[PDB]
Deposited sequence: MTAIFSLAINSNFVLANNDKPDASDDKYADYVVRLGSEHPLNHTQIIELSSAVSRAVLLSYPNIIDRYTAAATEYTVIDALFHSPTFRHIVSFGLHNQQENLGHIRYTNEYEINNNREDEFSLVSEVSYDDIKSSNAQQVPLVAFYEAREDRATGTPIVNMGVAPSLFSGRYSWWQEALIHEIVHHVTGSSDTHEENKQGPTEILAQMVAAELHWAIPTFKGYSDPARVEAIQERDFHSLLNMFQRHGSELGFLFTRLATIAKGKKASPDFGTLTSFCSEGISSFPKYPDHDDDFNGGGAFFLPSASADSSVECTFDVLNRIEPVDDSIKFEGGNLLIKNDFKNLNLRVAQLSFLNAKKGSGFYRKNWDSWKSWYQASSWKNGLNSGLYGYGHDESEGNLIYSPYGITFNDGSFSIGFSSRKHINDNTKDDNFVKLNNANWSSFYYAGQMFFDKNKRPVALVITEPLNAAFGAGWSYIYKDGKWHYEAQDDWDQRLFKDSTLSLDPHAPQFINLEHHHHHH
């Protein structure tokens, strides 16, 4: 069974989960996607109204990525089925004059606070249209939405579901339905993710139930008011930022004029999603002893132009920790800074295996090897690599696509006899019997992680 149902058919939700499950996202892919989302949200700061909505957007998407199997099926579907990539989507908080109040207001900059304060959800002068749209100039996917509500307002988890909804429209291409008592495939998909993440949301007859529409007007009206409450001392600076973004313009990328978030503290601010004991990653606006920060680029700072995911972005500092590549980064950056790479005559890294100024070795198929030392390449910021806890001259192999393959270690005896670890799913795996090349890479030269980061040793590889 595989008829592609129409984008508006409820059975299209089943079509997305059934095809997205065919290609499960490995650990390397979840780590790539989480780092791509963090970057997309950061690059969206000029269009987000405040640090609160910016943090709510990022942690909502990362929480779903980590703890919602259906969200992973949805995101996987898009990659394999010519829809949008989760990291490609940018976010806007574009407000506009309510159509029923446009006889008095001709600019967003005219509406005062008391015009919103002394109003109701149906006649509020400012409205934001939740929409999965495209920037007509560049063709980039955008998600438009209103500001995030107060954490314990009782509305926040529905705002969360509402954001996942608009993303579902991009990564699955599904549509919504007008029909009575029908939720539609996008709303079905979003509600599954919300159910898995324990997000409490209200239920209605269908997507176009008038009761549903009135409740959304209420949620978005209260979120705008909760947001104003958040900025009681900088209302002038907040309204100017709102008006700038409202006219499709880029406002401060670092929220410069807004400072009142520090006084409010972490306590009432969105929390980073829960993660494994072996996870390196944290919040954006507050840093351990907690103390708020004004540097925003530093967490998504790319390490080197040569270390990137294929067809993706350059690996950020956390990417190396989460993928067990800190020893690999140190030894690669070492040869690439020292004596460079020297081309020896062996067909591949496998053929080589079978028969100060740190150097590197390039093979005939493009693959390469790097030097490993217990003294210089076993450190405190290299210690956490899982091959270290598991169980010294080594030569770590990288395939023709510059991806990590294996790490072969030896001690000063039995010159020979040593230890071997293999790279699979963002981790190193101890393979005791040293014949693993015939029993693992049987008739192949490539790494066991086809999603692992690329360590482009020589600049010309960027062309092939």
query = For this chain, which runs of the deposited sequence have no C-alpha coordinates, given in order from the N-terminus?
reply = 1-16, 306-311, 378-401, 438-445, 470-471, 521
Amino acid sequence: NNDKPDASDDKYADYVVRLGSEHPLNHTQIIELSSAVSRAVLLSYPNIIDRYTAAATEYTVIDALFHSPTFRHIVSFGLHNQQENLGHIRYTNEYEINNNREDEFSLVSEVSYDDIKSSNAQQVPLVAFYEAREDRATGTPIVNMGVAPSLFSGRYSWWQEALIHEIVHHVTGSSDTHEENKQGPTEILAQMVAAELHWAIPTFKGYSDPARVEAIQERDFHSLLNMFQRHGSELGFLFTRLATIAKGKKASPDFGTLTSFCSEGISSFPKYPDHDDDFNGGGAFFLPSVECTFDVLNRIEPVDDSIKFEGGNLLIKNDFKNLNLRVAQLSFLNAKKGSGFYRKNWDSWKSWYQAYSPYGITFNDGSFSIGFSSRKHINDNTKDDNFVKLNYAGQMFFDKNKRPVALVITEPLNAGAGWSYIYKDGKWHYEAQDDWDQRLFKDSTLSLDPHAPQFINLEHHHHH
From here on, numbers count along this sequence of modelled residues.
query = Which is higher on average in the deposited entry, the C-alpha temperature factors of 47-55 or of 399-407?
reply = 399-407
ask   = Averaging C-alpha B-factors over each stretch, which comes out higher, 37-45 or 23-31?
value = 23-31
message = In terms of recorded Cα temperature factor, pick the maximum from 250, 321, 337, 222.
response = 337
note = Looking only at 271, 72, 241, 383, the Cα with the top B-factor belongs to 383
key: Position of residue 86 among the chain's modelled residues by C-alpha B-factor, lowest, middle or highest third   = lowest
task = Taking the values exactly as deposited, rank residue 413 by C-alpha B-factor within its chain and report the matching third: lowest, middle or highest.
result = highest
query = For residue 174, does the deposited CA B-factor place it in the lowest, middle or highest third of the chain?
reply = middle
ask   = Going by what the PDB entry lists, where does residue 447 fall on CA B-factor within its chain: lowest, middle or highest third?
value = middle
task = Would you check the entry's CA temperature factor for residue 424 and let me know if it's in the chain's lowest, middle or highest third?
result = middle
